[PDB]
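Residue numbers (UniProt numbering), protein chains in the order written: chain A, 12 to 580; chain B, 12 to 580.
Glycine residues also receive a C-beta, built at the ideal position from the N, C-alpha and C atoms.
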């Protein structure tokens, strides 16, 4: 289409302008080179003993140096422009992405999203740059070649432009007719191939009926028909080439017949003919390329449109306007039915689960569904499909998103550690608020001080990718230390690390005890020790509150907790 | 370089010869055509007279007509050998394919077999033809242009052909160095892309901690480094072009200096330089084609090796010495444990089932495992992995295969209706053995006479694919007529349809009665009526002899016949 984007290009108008001149001169750096033929072939050889011939190599060297300089400067400046445009574009896109809700990150577009960030964006920038250079350099080449043509031949140029389009249309029509014939006969080829296919698949019958000889005979006939069809097809193509070659040669012969001696022509001869011919042969390239530019510009902006489909999709709406420094009130699900976006089946029915302050609630459903989403619900990553989760007398959707997300600290077994220094990761975007000594104290009370200790730079080492590549349990420890630093009232534990880590599983247990010593302690506790530690275990088989109460009572009445308990054994 | 084809390409050598001769001119045409340039640009346009100018178009037209006719004739004739080799290889493949055991049709090759027959054999022939047409045309052009050059310039030919290869090596070395730089820098840029991928992948933890600001900042940094890497990459890729262009232009400048500085040169005049330059400009292509010639040769001839592997493999083993007209004595597989080739699990376990003369036995199974292959065992489609199949006290493995195939007739809902006429299908490959009248008599006694009756040409109607396209039940009716005309003693019937076609199922039951009125009948049966009809229903669930006896007796002993009757209802 006609896009927009003129802002986000406006400041770098200077760099583009350089190409606008540089590329233009590039055309001259070729056109004059072509023009250099006329001084040579007319007056720079055996006709003259020695003259223009001795200096011409210097002229060619200088012209090619000019071409190289123009190419380099044009490439650098068109780069600069494209790089700046893509710079601003990627920064805006990623800024909107980070605010974009998890609904967009429904795992449907995870792979495509990095593509949009880098590959598709670079593709659009490069396509637009290619379009600009192909409409500037090649466009100016056309104009220069025509100007030189007229400056050299007064009448012959009109002959060439009168004859070239007629020749092109004749070649196109003959090629179209012969390609249509070729495909029409390719259909017969396919029919005979199907005959052979039906020949083969009957082997089961052929062998049992002992008719291999008649099969051989009819295959002889069918193969002969195949050979005849291939004959005719190859003949069609082999006559297609000579006809176009002949029409081109007839065009050239007509041109050379215009070299007759009326007053119209033949006063410009010798090298002039050579330069016009070479100019036309070279013009063959710009003319062919320019018509292709339409298929390029769209090929770029279409992607932009596609990219725009990703830029302004459903966005995160912080409709809530209530801010709380701390959430001392108990967490209470109330008649909350959750529908997972992109999934018709409701992952949760209405539930009135209440999480008292400073109490441990364990959601330990073995169903493997709904339980994970329950952890997200308190954080409002998704949206409450139905019902209300009330917080100190106020619904979650009523609260400001930033404050609520602050109220909750998330720790799991797949904590995606950020590529930064270890100290910063302890308080991301808040390390300015927290003192370094506070980070060290949190790490020590996090029962994970050793990992920083034996690390060479301690609280100054880059830790993420291209860092140290610590184990999953180490990520658990760093995340729990981060939580201790944040001291958020709301706590969610995945506990997914059901495996027993060597020398750290006990450390992890002690650290989780420190984490849950106070503050709300909703946990997804698969481990039996965490289950018994929980004050009010509320296990859900992804539908409803199937069982609830203390673990011993849950064992008393079988329900579903009995099977889960015996599975844990 | 195997060239086992040469015995199979000798009978057409003559045509190939006229391909080469006609191809040599297809090169010489250009050599003379470019030579025509010298008259044009030396004693042509410039001079007042048109002596060589008016005929110029006539010579071009005549010479290009010669070029076109040579191209057409040479390509058509090389395609003649190509076709008559591709077709003979195809025919040989098919001939040794019909004799191949069903093992080759293990479904290891179902559609790749058709690909071999047409696509791969074509590739063989077309690649060999291209090798010839590009090591004759192209080499002929090479030698022609070289001799033309050396004729026109005593020394310039050397001073140019000695620059061509040094220039080529310089271009290649600089290109390789810049490509290595480009790939290394692209690796760095990809590393930065992985950093950005980590950046975006952490959206969950980015949002929960309310730190999108620091995320945006570090994204600014990483993306700025991205843009620097992209700028450097584009700079390197672009500056690659000027260096090669400049080295080429420097070589050309040296070439021109070769005429300029010395006095031994400078007799070249004007046209001769254009002749030589165009000679090399064209020759740049034939050298590339010749370099690729051997690549194409060994790209295509390996297809011939594969084709020979298809050809040169064990034809269906015919290690049988016993011929019998009719096997009235009971065929029985005793202590036979069959293994489906390519399937480790035996589908048959040492079953000692005897098929009594005249009396009908039935094999019945839900999954069909083993049961389906029980019938196949009788025809020796597969081979005797264990045990012996003794018909009239004589082993099938001992019997000549053709006689055994005659002994047993296969009838099923799915039958390959040969792509021929109705009568020939009724007696495939033995229509000579069975006279025409008995064909329609057997159709009438088959109770499926109507279809032959109402057919367009009746008994002579083409019935194959790309033809009438009867239904599956109709094909089964044609098969029943097939077997009835054959009157074979052994009858294996799939009964896979187990469905009532309108007006055709009762007819099929009657035809089954007629076929099984006498003759041994091993029937894979699902119909309850067929089950009760069989004297001994030895139903096997792939275990072995799972259960046997009359349907009433099978009911008495529930075994598997209880669930079998459940399925029947």
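If the five residues before and after residue 277 of chain B are omitted, its C-beta is found closer than 7 Å to the C-beta atoms of 270, all from its own chain and listed in chain order. The CB of residue 222 of chain B comes closer than 8 Å to the CB of 439, 440, 441 in chain A, given here in chain order. Residue 558 of chain B is classed as buried because its beta carbon has at least 16 other beta carbons within 10 Å across all chains shown. For the pair residue 372 of chain B and residue 432 of chain B, the CB atoms are not nearer than the 8 Å cut-off.
With a cutoff of 8 Å on beta-carbon distance, residue 52 of chain B and residue 293 of chain B are scored as not near each other.
Two segments are said to touch when three or more pairs of C-beta atoms, one from each, lie closer than 8 Å; by this definition the segment 220 to 229 of chain B does not touch the segment 148 to 166 of chain B. Relative to the Cα of residue 324 of chain A, the nearest Cα in the group A:192, A:113, A:382 belongs to A:113. Scanning its chain for C-beta atoms nearer than 7 Å, with the 5 sequence neighbours on each side dropped, one finds around residue 494 of chain B the residues 420, 422, 502, 526, in chain order. Nearest neighbour of residue 123 of chain A by Cα position, chosen from A:240, A:492, A:317, A:173, turns out to be A:317. Below the 8 Å Cβ cutoff, chain B contributes 83 as neighbours of residue 250 of chain A, in chain order. With its beta carbon at least 8 Å from every one in chain B, residue 432 of chain A lies outside the interface.
Here the C-alpha atom of residue 135 of chain A lies approximately 5 Å from the C-alpha atom of residue 311 of chain A. Rounded to whole angstroms, the separation of the alpha carbons of residue 85 of chain B and residue 31 of chain B is 7 Å.
Residue pairing by DSSP places residue 451 of chain B opposite no residue, since no beta bridge is assigned to it. Assignment of residue 345 of chain B by DSSP, reduced to helix, strand and coil, places it in the strand class.
For residue 351 of chain A, the three-state secondary structure derived from DSSP is coil. In this structure residue 193 of chain A is in contact with residue 244 of chain A, their Cβ atoms being roughly 6 Å apart against a cut-off of 8 Å. Scanning its chain for C-beta atoms nearer than 6 Å, with the 5 sequence neighbours on each side dropped, one finds no residue around residue 467 of chain A. The beta carbon of residue 256 of chain A sits closer than 8 Å to some beta carbon of chain B. One alpha carbon belongs to residue 478 of chain B, the other to residue 402 of chain B, and they sit about 40 Å apart. By alpha-carbon distance to residue 251 of chain A, the top candidate from B:79, B:546, B:428 is B:79. Between residue 483 of chain A and residue 424 of chain A, the gap from beta carbon to beta carbon is short of 8 Å.
Assigned with DSSP and collapsed to three states, residue 371 of chain B falls in strand. With respect to residue 338 of chain A, residue 418 of chain A sits close: the two C-beta atoms are nearer than 8 Å. Here residue 405 of chain A really is in contact with residue 333 of chain A; their C-beta atoms are around 6 Å apart, less than 8 Å. Taking a Cβ-Cβ cut-off of 8 Å, residue 196 of chain A has no neighbours in chain B, whose nearest Cβ is about 14 Å from it. Taking a contact to require three or more Cβ pairs closer than 8 Å, the segment 252 to 272 of chain B and the segment 136 to 152 of chain B do not qualify as touching. Contact check for residue 26 of chain A and residue 92 of chain A: beta-carbon distance about 4 Å, within the 8 Å limit, so the pair qualifies. The segment 384 to 398 of chain A makes contact with the segment 348 to 358 of chain A, as at least three CB pairs between them are under 8 Å.
Around the Cβ of residue 297 of chain A, a 10 Å sphere holds 16 or more other Cβ atoms; the residue is buried. Look at the segment 231 to 246 of chain B: the residues with a C-beta under 8 Å from a C-beta of chain A are 231, 234, 235, 237, 238, 241, 242, 245, 246. At a beta-carbon threshold of 7 Å, the residues of chain A lying near residue 225 of chain B are 439, 440, ordered along the chain. Residue 506 of chain A places its beta carbon 8 Å or farther from that of residue 561 of chain A. Residue 255 of chain B and residue 88 of chain A have their C-alpha atoms some 21 Å from each other. Residue 385 of chain B sits buried, since 16 or more C-beta atoms from the chains shown fall within 10 Å of its C-beta.
Residue contact check for residue 92 of chain A against chain B: no CB pair falls below 8 Å.
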